[PDB]
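Undergrad: Here it is, the structure, as structure tokens.
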């Protein structure tokens, strides 16, 4: 596969991260949009890749990318859901 | 017009209710499903209606109804999304 990807973590104490990643993936599931779910837990290279693509060394999941194009984070994903620009956000358009 | 109503509250100290009701509606908005958003904090007669329809005197938002037909709560809604059966859950089919 090469295309849309969501970075997530399966092990974390953060309620924000867990709520936000679950919302992103459930919205995508609701729209029947295919994506690769990447779990970064205990793999620093995955965490670093996510951070490099987001251009933010403190980024946390969820983070969405399509190929090597960064799409954005939770806030901008939900903005696109509400404003109906999710095809553009996700670089599917 | 769907007949769909989502019971919600605009005033709560529960992070779980806020999170859950946001997820329901963002998923519905993602799918372009129309619904009336009912805010039970506007009066207890609405909370009363939600609870008798849900069959549970301790029910909290979100709760989803299509007309007089109760569809379910957060957990049942998420199960329908993850199992690809939202249209049946919402009694749109």
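Residue numbers (our numbering), protein chains in the order written: chain A, 6 to 98; chain B, 6 to 98. Each residue gets a CB set at the ideal place from its N, CA and C atoms; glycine is no exception.
1. Between residue 31 of chain A and chain B, is any beta-carbon pair separated by less than 8 Å?
2. Compare the beta carbon distance of residue 45 of chain B and residue 37 of chain B with 8 Å and say whether it is the shorter of the two.
3. Can you list, in chain order, the residues of its chain with a C-beta nearer than 8 Å to that of residue 8 of chain A? Leave out the 5 residues immediately preceding and following it.
4. Kindly confirm or deny that the segment 27 to 35 of chain A and the segment 76 to 86 of chain A touch, where touching means at least three C-beta pairs closer than 8 Å.
5. Note the first and the last residue of the continuous beta strand (DSSP E) segment covering residue 1 of chain B.
6. So residue 83 of chain B contacts chain A; which residues on that side make the cut at Cβ distance below 8 Å?
7. Identify, in the order they occur along the chain, each residue of the same chain with its Cβ nearer than 6 Å to the Cβ of residue 68 of chain B, setting aside the five sequence neighbours on each side.
8. Run through chain A and tell me which residues come within less than 8 Å of residue 86 of chain B, C-beta to C-beta.
9. By how many angstroms is the C-alpha of residue 14 of chain B removed from the C-alpha of residue 21 of chain A?
10. Closer than 8 Å between beta carbons: that is the criterion. Which residues of the segment 71 to 82 of chain A meet it against chain B?
11. Within the 8 Å Cβ cut-off, does residue 19 of chain B reach chain A?
12. Between residue 93 of chain B and chain A, is the shortest Cβ-Cβ distance under 8 Å, so that the two count as touching?
13. Cα separation between residue 88 of chain A and residue 43 of chain A?
14. Determine whether the Cβ of residue 24 of chain A lies closer than 8 Å to any Cβ atom of chain B.
15. Taking residue 34 of chain B and residue 86 of chain A to be in contact with their CB atoms under 8 Å, please state how far apart those CB atoms are, rounded to whole angstroms.
16. Just the chain B side, please: which residues come within less than 9 Å of residue 28 of chain A by C-beta, in chain order?
TA: For this structure:
1. Between residue 31 of chain A and chain B, the shortest Cβ-Cβ separation is below 8 Å.
2. no
3. 39, 40, 41, 71 and 72
4. Between the segment 27 to 35 of chain A and the segment 76 to 86 of chain A there are three or more C-beta pairs closer than 8 Å, enough to call the two in contact.
5. As displayed, chain B neither begins before 6 nor continues past 98, which places residue 1 of chain B out of reach and without an answer.
6. 31
7. 12, 55, 59 and 78
8. 31, 34 and 35
9. Between residue 21 of chain A and residue 14 of chain B, the C-alpha separation is close to 20 Å.
10. Of all residues in the segment 71 to 82 of chain A, none is placed with a Cβ closer than 8 Å to any Cβ belonging to chain B.
11. no
12. no
13. 26 Å
14. yes
15. 6 Å
16. 24, 27, 28, 31 and 32
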